[PDB]
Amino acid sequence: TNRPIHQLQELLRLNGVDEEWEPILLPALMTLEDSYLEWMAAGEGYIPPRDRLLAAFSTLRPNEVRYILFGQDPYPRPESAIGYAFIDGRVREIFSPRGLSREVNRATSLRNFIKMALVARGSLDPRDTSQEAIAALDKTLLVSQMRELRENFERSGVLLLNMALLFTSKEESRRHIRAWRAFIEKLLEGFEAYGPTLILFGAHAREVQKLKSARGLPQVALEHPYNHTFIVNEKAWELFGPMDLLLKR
């Protein structure tokens, strides 16, 4: 039975992925069932668009991956899903004259993660992460765009990897994650030599215990940033603190 190797190399080029990713990424992708791959090539009826499915691989090279931060599947919103775990494509500006921007405040998990980073870097008192305290901050050294927070994740070697790389509807998400599980298992198999650390937010930890190759990699399990308590989660301070993800490079 023929495999769509030429089409998959095309998909990598369309996403801007370097050819160094082929030894790890082509096997992984080849675990998807052939009809699913044909539908995926058709490019209709799912988010993010086909040219963004692998955006998490479009800058990092395999030996630069120090962490793999997991999400479930793309955000249920066309403008939000942009091929990265955790990064919400609705958010552009991080701050406003009033504190955090409206789009940051709407995205609960990113709101609490950004407050967490402001605490861990010594800008905010952990007791007061209010919009007033944030507005009072001197932000001349800090990022101004969600794009730059993503870029800083990548500078720190973080592969922002969703369990499934595409979304069709809320209903079909479980089926998609199941269809991508072999892809994830093969991809983690491929990272065994590099030994990057899995960052597991909340429930993502439990699910990761189902895969074989995940046991071959170090793991750090955290409270999910959706919870406001995440802001003063000191394990988060110690993991993400050294990354200084809000510092403008």
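Counting begins at 1, following the sequence as shown.
**Study point:** Residue range whose averaged C-alpha B-factor is higher in the record, 24 to 32 or 203 to 211
**Key:** Going by the record's values, the stretch with the higher mean is 203 to 211.
Review point. Which is higher in the entry, the mean Cα B factor of 129 to 137 or that of 159 to 167?
Key: Between 159 to 167 and 129 to 137, it is 129 to 137.
Practice item. Quick one: which of 68, 42, 220, 55 shows the highest Cα temperature factor in the PDB entry? Key: It is 42.
Exercise for review: Sort 94, 124, 117, 142 by C-alpha B-factor from the entry and give me just the highest.
Suggested key: Comparing C-alpha B-factors across 94, 124, 117, 142, the maximum falls on 124.
**Study point:** residue 5 - which third its CA temperature factor falls in, relative to the rest of the chain
**Key:** Residue 5: CA B-factor falls in the highest third of its chain.
Practice item. Determine, from the deposited record, the chain-internal third of the Cα B-factor for residue 77: lowest, middle or highest. Key: Its C-alpha B-factor belongs to the highest third of this chain's values.
Practice item. Could you tell me which third, lowest, middle or highest, the C-alpha B-factor of residue 172 occupies within its chain? Key: Highest third, going by the recorded CA B-factors of the chain.
Check your understanding: Which third of the chain holds residue 37 when residues are ordered by C-alpha B factor: lowest, middle or highest?
Key -> Highest third - that is where residue 37 ends up once the chain's C-alpha B-factors are sorted.
Practice item. Taking the values exactly as deposited, rank residue 224 by C-alpha B-factor within its chain and report the matching third: lowest, middle or highest. Key: Lowest third - that is where residue 224 ends up once the chain's C-alpha B-factors are sorted.
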